[PDB]
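The chain below stands alone and is given as structure tokens, in the form deposited in one PDB entry.
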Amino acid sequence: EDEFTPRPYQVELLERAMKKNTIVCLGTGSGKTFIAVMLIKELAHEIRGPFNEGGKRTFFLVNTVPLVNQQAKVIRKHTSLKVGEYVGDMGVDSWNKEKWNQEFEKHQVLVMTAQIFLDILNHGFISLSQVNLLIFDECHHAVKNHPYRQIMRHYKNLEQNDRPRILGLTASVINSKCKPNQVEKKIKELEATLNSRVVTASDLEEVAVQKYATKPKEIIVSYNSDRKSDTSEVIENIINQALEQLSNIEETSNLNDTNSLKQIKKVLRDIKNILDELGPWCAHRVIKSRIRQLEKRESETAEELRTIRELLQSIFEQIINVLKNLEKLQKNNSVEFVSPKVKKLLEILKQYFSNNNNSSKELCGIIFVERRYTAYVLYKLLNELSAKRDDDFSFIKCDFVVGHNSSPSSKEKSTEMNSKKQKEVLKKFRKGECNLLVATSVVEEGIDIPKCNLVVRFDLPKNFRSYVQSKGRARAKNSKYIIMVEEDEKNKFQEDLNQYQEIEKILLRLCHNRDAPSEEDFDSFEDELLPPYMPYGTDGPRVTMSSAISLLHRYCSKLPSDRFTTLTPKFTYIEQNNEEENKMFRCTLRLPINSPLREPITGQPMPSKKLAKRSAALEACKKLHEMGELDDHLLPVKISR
């Protein structure tokens, strides 16, 4: 059951938004989704009506795939309207005009990603004259060449009576580092782009009392890294000798070995960093994993790096002999096993999480890390430590979550996630049987997670938005926010925290009424260096400078050729300097042999290589359409056998 009775500030915000374009700024849990749903319900009298003579429909936009299901479910639950869902997996590329028209006629509210909406707009399937309300989710992304900004260019050229109402939702207006004197400039730029107003609640005290009364308490904890033990210094000396002999080999290096020797250099640096930050046991684990993963890579490699791997195995042997020698006397020595930072983290856990476990209360906690290897190793260590049936560690169950779709061009990284397993892990966390989670900045925003009693910043935030979001994650009663900082950087972090506090104070000051943008402010929209290509006038499909290379690559890919060869186009550059005293770049392009066009194509002289490439792609698109490889809708020809 939802809160049928709205709060007074919700009603005030709805009344304000019904009049003009507005952007709502509120903290998490205020209920911005409820406001959006209510606004959709209010204007429901313009939606019903056939689409073949001038009907209108309402659109919703999001950033990530999982949010589609959440928002569709919320809308379907709270109100009784037909709702559709569309993402990039159903192969919506191959649809024709008739299928799109049928879908538009059948539904009343649509929820799709931004890229799909842009693709629909560019190819002439909708003219933006049949939209009654358009909603931006996480509106603070509209900067530079983001799809949100490219959508507004079509809004720019419309008439006065065709303009649909625009609404946006956000939590932090700024999205990057900003000294306290640039906040007004950033806010004005954002307001100019979206052509709306930034407003907040006039009863923010009531909102804070009702919901934000669970505001977390900040605690700063310091640690010192110059407390290495005898094992640490012994291993450090071992790596020192190893890097000395490696430098000797680099002095005696030759061709086809400098790259290999640099690979050994980076491996040794990684090992040293892991040992310094985490401790000896993690170094042992990483060395063993590196051996087991390089076991498969032994084939078709030069003998010199086999010898290097042999000496690496020798250092493995000596270090494991030393580790066993101490283990014969350590008997699971906690202080020697881990670095000082891990000891401090363990102390914090005992101080707060175990103490809460002593009381009859539920436990939920998250740990934020920067890299991915660190998250994996921390989960391994915590599980291993809890497995020993310790008195204080028998109630801690740990799992980790890493970003999907984040496959690099290398570093398979020992069971990368890159799949739907995020859904399974999050379902585990919501259901129960998991109190502690390790996350590499992937659950920060736009995901439903349960209330957490404790949040730990194992690493420092990098800008205002990250700090605000991570602070807002914790919402349970008596929640605590903890930041761990080295000793020598305390003053620098204190200055940065003061800056963040000042920015937050200015943002709250913004609560007062603000002047609406003038028409010239909207006219301050920048223009691209070259105009688009409209073959059928202003109402037809277009090709833009920012949507040409991808289209060319798609057309090349759909060519009939061998499945083992992509046959992508190739590019070259030529540089020249003219009397403007700024170096000029001119690009060039060539097509694969399969396409009917075999001729070099040259773009305009452009200041940067990016723009030269874009110009060449645009000219190639022109030449392709003139020949007849693209249909009436500027799509690749869909001829099939």
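What we label the rigid core is the largest C-alpha set whose atoms superpose within 1.5 Å from one form to the other. Residues carry their position along the shown sequence, with the first being 1.
Although not depicted, the form deposited in another entry is the subject of the following passage.
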### Message
Shifts of 2 Å or more at the CA atom, core superposed, between the shown form and the other one: which of the listed residues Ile120, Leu134, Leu278, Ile549 is the one?
### Response
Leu278
### Message
Once both forms sit on the same rigid core, is the C-alpha displacement of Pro147 at or above 2 Å between the shown form and the other one?
### Response
no
### Message
After superposing the rigid core, is the C-alpha displacement of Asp459 2 Å or more between the shown form and the other one?
### Response
yes
### Core fit, then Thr170 C-alpha moves 2 Å or more between the shown form and the other one
no
#### Entry: Closer or farther: C-alpha pair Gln115/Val443 in the other entry, relative to this form, given a change of 3 Å or more
closer
#### Entry: CA-CA separation of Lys420 and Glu85, closer or farther in the other entry than in the form shown [shift of 3 angstroms or more]
closer
